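In order, the protein sequences belong to chains A and B.
Per the UniProt record's numbering, residue 149 is the first one in the first sequence, and the count goes up by one each step.
Per the UniProt record's numbering, residue 347 is the first one in the second sequence, and the count goes up by one each step.
By construction, the Cβ of each residue, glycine as well, lies at the ideal position given by its N, Cα and C atoms.
Quick notes on the structure that follows.
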Amino acid sequence: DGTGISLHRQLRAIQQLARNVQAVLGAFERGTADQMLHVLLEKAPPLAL
Amino acid sequence: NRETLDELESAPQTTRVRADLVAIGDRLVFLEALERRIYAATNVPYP
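Right, dumping it as structure tokens:
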């Protein structure tokens with residue numbers, strides 16, 4: 149609309165978008181550590197056995 | 347946008363007080379008994 153609303157609402161979505169990119173890049177950055185436990189517990193039989 | 351510049355204002359005036367400080371874990375904590383300090387002869391029940 150040219151008003152301060154329609155510009156600031158666009159700023160609202162971009163800084164909203166700025167959080168989601170930092171979120172899912174952190175997802176695979178930690179998700180690698182998750183999978184390493186699942187490949188070490190696919191192997192590793194118990195100690196008494 | 348990782349806004350953390352909310353405030354950085356004063357770091358105000360400081361003094362030196364006899365208090366009771368111990369070390370539990372990595373957290374350094376006060377100790378205080380409130381009988382003789384604030385509830386001396388006051389006839390109000392201590393909570």
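Which bits of chain B does residue i rub up against, with CB to CB less than 8 Å?
| i | result |
| --- | --- |
| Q163/A | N347 |
Tell me which residues share the same chain as residue i and place their Cβ nearer than 8 Å to its Cβ, disregarding the 5 neighbours each side in the sequence.
| i | result |
| --- | --- |
| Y392/B | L380, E381, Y385 |
Could you tell me which chain B residues have their CB closer than 9 Å to the CB of residue i, listed as they occur along the chain?
| i | result |
| --- | --- |
| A171/A | Result: empty, since nearest Cβ-Cβ is about 12 Å, beyond 9 Å. |
| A166/A | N347, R348 |
Quick check on residue i: does DSSP put it in helix, strand or coil?
| i | result |
| --- | --- |
| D182/A | helix |
| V172/A | helix |
| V363/B | coil |
Taking the alpha carbon of residue i as the point to measure from, which residue in the options has its own alpha carbon closest?
| i | options | result |
| --- | --- | --- |
| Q164/A | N389/B, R373/B, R383/B, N347/B | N347/B |
To which residues of the same chain is residue i closer than 7 Å at the C-beta, ignoring the five residues directly before and after it?
| i | result |
| --- | --- |
| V368/B | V375, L377 |
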